[PDB]
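Take a look at this single chain in structure tokens; it is the form deposited in one PDB entry.
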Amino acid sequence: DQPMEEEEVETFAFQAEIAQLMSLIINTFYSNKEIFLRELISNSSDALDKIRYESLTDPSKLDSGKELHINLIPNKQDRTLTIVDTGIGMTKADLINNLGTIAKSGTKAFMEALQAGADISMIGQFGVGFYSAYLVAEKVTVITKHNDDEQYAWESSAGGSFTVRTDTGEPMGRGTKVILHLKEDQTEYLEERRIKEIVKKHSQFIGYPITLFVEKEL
């Protein structure tokens, strides 16, 4: 009897600054936790900008999907909140390297301000907003599909490492799917009215459709 499928699973250490940052986020109390959703949507919007732009000179880039949008899917039953976009997606290298974005040089000073007791809200200004996910999530999975590349799954419960592997789950056309497995004490971010108010307050100037799908298995 032979395997249905095989693959390598690789485990990586986070770069030092990012590991320190994740530790600060997880072990320090902050009031303004809701900004995590702002930061993920902003990431999605940047990814959509990137594919929109490239498609200008290469329309075939959109064969994997023409619609550019952001979907929010709370699933109380699984205690997950998923953010899905149809942006440019990430290569394996992009996932490894801070999820497709360059951590800014001021990140060091940012963390020092944090250890001095600064707020977390500016985190997205330094190219590391993604990690605000861990203000509300105990585990995060990222599924991503970039043109002319395989679908990958990234995952970390923090602790200083993440894994990357080709994803053999359900296929995405193109883009990035962020699945937050929420902490017991942060399930409010599964509530559709709470999500609506957060989008309203922090994501007014996102120039793509943002659509809430409240999921309930029957």
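For clarity, a rigid core is taken as the largest C-alpha set superposing within 1.5 Å between two forms. We number the residues from 1 along the sequence you see.
With 82-90 and 111-119 compared on mean CA B-factor from the PDB entry, the stretch scoring higher is 111-119. When the mean C-alpha temperature factors of 56-64 and 40-48 are read from the deposited coordinates, 56-64 comes out higher. Going by the entry's values, 29 shows the largest Cα B-factor out of 162, 189, 29, 152. For the set 70, 158, 35, 180, the PDB entry puts the maximum C-alpha B factor at 158.
Ranked by C-alpha B-factor against the other modelled residues of its chain, residue 168 falls in the highest third. When the modelled residues of the chain are ordered by their C-alpha B factor, residue 24 lands in the highest third. The PDB entry assigns residue 198 a C-alpha temperature factor belonging to the middle third of its chain's modelled residues. In the deposited entry, the Cα temperature factor of residue 4 places it in the highest third of its chain's modelled residues. When the modelled residues of the chain are ordered by C-alpha B-factor, residue 210 sits in the lowest third.
Only in words, not in the display: the form deposited in another entry, which the text now covers.
Relative to the superposed core, residue 115 undergoes a C-alpha shift of no less than 2 Å between the shown form and the other one. With a cut-off of 2 Å and the rigid core superposed, residue 125 has a Cα displacement that falls short of the cut-off between the shown form and the other one. Once the rigid core is used as the reference frame, the Cα position of residue 77 differs between the shown form and the other one by less than 2 Å. Annotation: residue 116/residue 157 CA-CA distance longer in that other deposited form than in the displayed model, change of at least 3 Å. Distance between the C-alpha atoms of residue 106 and residue 43: shorter by at least 3 Å in that other deposited form than in the displayed form.
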